[PDB]
Structure formats: structure tokens, C-alpha cells
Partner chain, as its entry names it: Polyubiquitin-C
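We begin with a single chain expressed as C-alpha cells, specifically the form solved without its partner chain.
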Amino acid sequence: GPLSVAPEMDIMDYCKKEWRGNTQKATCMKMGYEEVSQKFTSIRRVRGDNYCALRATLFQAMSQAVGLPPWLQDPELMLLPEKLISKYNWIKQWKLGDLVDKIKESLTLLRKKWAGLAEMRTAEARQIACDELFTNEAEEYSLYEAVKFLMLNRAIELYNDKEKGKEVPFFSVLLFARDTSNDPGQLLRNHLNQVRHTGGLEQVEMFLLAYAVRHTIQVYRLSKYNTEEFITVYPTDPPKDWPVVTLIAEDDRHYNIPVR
């Protein structure tokens, strides 16, 4: 299929095309891209479907992969679908974009593709391979099923910890405080399973994504330009060894990729 992450263009050329006229909104977006352009020369437009946040994060993480992270080296990763689904039968309410084999196939693909990218000598070889992977075919969307499953697993672990009275990060309190997401089944049914053209990860779920792939996500939030949220980092205090990926969000729903 066609690329789902568009070929790069100059970031201020992009800004000048999208943001014209003298509205306060347009002025704030221009200031936002001007600030981003101090560190990144170019931008890649990410397909704005319900997977936009996952696509943006995974494309950055994988195109920048120089090693296979320990959580993907762990043999437990491939055992997780059978162990989780056997224990929590409501997971079979999963809606795909049997279940154990499908998820295991997706996780095996994620691990294999990531390992192959980490094997490459140059960033250019990685970008070519990523440009082939993110072409709107079944392999791309299988990656999102894998990551969504790891998000569900991390959510179950955080929920169970909070039940036991163990310390949990506060974003998980906020995640489960939502009336549509009071427990992991509601998270699955009402958020991870969601309907086309309406879904996408909410702010609190960006923390969950970061935890699931062990990446620090640095987001220029342009609708927050004149506030301390002009950047938000997910999670707030990650391990220093987690790799950093940078995104741009004009609103708190759609993400593009700055590149240099």
C-alpha cells in the first residue's frame, strides 16, 4: 500500500501551508512550529486514523532502534498472550483491527522486525526498512495489535497493584478514574477496541503507551504553547535508560513526527 508516514518535508514549509491568516490559533501554531524548528528541520505527516498515536510513536522508536530492548529479548513476551487470556477470559472481547495465536503472531512480528532494524549498520538502512514496513498493509496493523496488547497487560498489572495497595504512578489512578475506564475490561471495551474515525489514544493513555514500550515520549503540544505544557513528557520521571522519541501534537489527538 501507500506510505502511512509521509515523506519528510521542511517543517516551516509545512507550517506555512497549514497555518495561514491572522487568527490567534494560527499565530500560536506558527510560534509552536518556529520553536520546534530550532531542533528539527523536517516533519513527517502521520496518517490520522485511530492508530495515529501508535503509528507516530512506533515509527520513531523503530526507525531509531540501535538495539533490541530487554523487554523484547525476554522470552516471557511470547508467553504473555496465553497466560493473560487464560487467566482473564474477558480479553476475548478483543476486537481485531483464535485470539492467542493472532496476538502471539503479532508480538513475534514486532520482535522480529525490531531485531532486524537494530541489526542494521546505518540510520538510512533503518529508514528504508521502516518506509517499507509502514505501508498500510497487514504487517503494519499487526504491530498495533501487539502494542495494544502490551498496553492492556501493563494496565492489568497497574490495576492489580492498586488493588493490593501497592504504590502505582498517579497517571494510572487518573486512567482508572474515568467512568468509561474504571477497570481493565472497560479500558479494553471502551478505549482499546474503539470505533473507526472516532478513537485514538487520550492523554492519560499516552502514559500507558510509554510504559508498554518503555520509551520516553517527548511531545510538543502546540495547543499549549503559552503554558508550561508546551512540552509534556510521558512518563514524567522515566528510567534514564529508556530511549527518547519526540512527537508534535497540534491538539491532544493527532501526532506528527519531527525529524533531523
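Positions refer to the first chain, counted from 1.
Below, we refer to the form deposited with its partner chain bound, which is not included among the displayed structures.
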Answer key, its partner chain contact in the deposited complex at 4.5 Å (heavy atoms) among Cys52, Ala210, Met62, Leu192: the residue is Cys52
Whether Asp74, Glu132 and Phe149 jointly form a contact site for its partner chain in the deposited complex is the question; each needs a heavy atom within 4.5 Å.
no
In the deposited complex, segment of 76-84, 175-183, 152-160, 99-107 with a heavy atom within 4.5 Å of its partner chain:
175-183
Considering non-hydrogen atoms and a 4.5 Å limit, does its partner chain approach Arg221 in the deposited complex?
yes
Consider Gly48 of the chain shown here, and say whether it contacts its partner chain in the deposited complex, taking contact as heavy atoms within 4.5 Å.
yes
Please tell me whether any heavy atom belonging to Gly21 falls inside 4.5 Å of a heavy atom of its partner chain, as the geometry stands in the deposited complex.
yes
Is the gap between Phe170 and its partner chain in the deposited complex 4.5 Å or less for some heavy atom pair?
yes
Members of 244-260 lying within 4.5 angstroms of its partner chain, judged by heavy atom, in the deposited complex:
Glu250, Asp251, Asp252, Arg253, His254, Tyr255, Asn256
